[PDB]
C-alpha cells in the first residue's frame with residue numbers, strides 16, 4: 001500500500017538443489033521400505049506432478065533424473081521420519 005516491507009526467510013530457502021548422491025541415497029532408504037509403506041512414496045510424487053495424479057501407483061516409475069529437487073526433499077522426509085524420528089519422551 002502506501003508502505004510495504006520484506007525480509008521473510010521463506011522465499012530464500014524454498015527448496016535447495018539435490019545432488020546425484022542425494023537422489024541415490026534416497027533410493028537406498030526407499031529400497032528399505034516394506035511393501036505396504038513403499039506404495040505411499042509414489043503418492044508424494046503425485047503431490048508434485050498433476051500429470052501423474054490420475055495414474056496407478058504401480059504404473060509410476062520414480063525418475064530422480066526428471067523430478068524436481070523439492071519433490072525429493074519431501075520423499076527424503078518420509079523415509080528419514082519412517083526409519084528414524086526425533087523425540088525424547090519421559
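Name the residue, out of 5, 27, 55, that is farther than 16 Å from residue 81 by Cβ and surrounded by fewer than 10 Cβ atoms within 10 Å (Cβ to Cβ). Write out each step before concluding.
Numbers: 27 fails: surrounded by fewer than 10 Cβ atoms within 10 Å (Cβ to Cβ); 55 fails: surrounded by fewer than 10 Cβ atoms within 10 Å (Cβ to Cβ).
Step by step, each of 5, 27, 55 is checked, and only 5 is farther than 16 Å from residue 81 by Cβ and surrounded by fewer than 10 Cβ atoms within 10 Å (Cβ to Cβ).
State all residues of the stretch 39-52 that are surrounded by 14 or more Cβ atoms within 10 Å (Cβ to Cβ) and more than 11 Å from the chain's Cα centre (by Cα); if no residue qualifies, say none.
If the condition is that a residue be surrounded by 14 or more Cβ atoms within 10 Å (Cβ to Cβ) and more than 11 Å from the chain's Cα centre (by Cα), then 49, 52 are the ones that fit.
Could you tell me which residue of the stretch 65-83 is nearest to the chain's Cα centre (by Cα), considering only residues that are assigned to a loop (DSSP other than H, G, I, E, B) and surrounded by fewer than 16 Cβ atoms within 10 Å (Cβ to Cβ)? Walk me through how you get there before you give the answer.
First, pick out the residues of the stretch 65-83 that are assigned to a loop (DSSP other than H, G, I, E, B): 65-68, 83.
Right, trim to surrounded by fewer than 16 Cβ atoms within 10 Å (Cβ to Cβ) and you get 65-66, 68, 83.
Values: 65: 14, 66: 14, 68: 9, 83: 15 Å.
Among them, the one singled out is 68.
Are there any pairs with C-beta distances below 8 angstrom linking a residue in the stretch 13-25 that is more than 7 Å from residue 69 (Cβ to Cβ) to a residue that is assigned to a loop (DSSP other than H, G, I, E, B), with the two at least 6 apart or on different chains, and if so which?
That search, which allows pairs on different chains as well, returns 23/64; 23/65; 24/64.
Scan the stretch 3-27 for residues that are assigned to a helix (DSSP H, G or I) and in contact with a helix residue (DSSP H, G or I) (Cβ under 9 Å, 6 or more places away or on another chain) and jot them down.
Residues satisfying the conditions are 22, 23, 25, 26.
For neighbour counting, all protein chains shown are included, and Cβ atoms are generated from backbone atoms with ideal geometry for every residue, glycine included. Coordinate-derived values only; no laboratory data.
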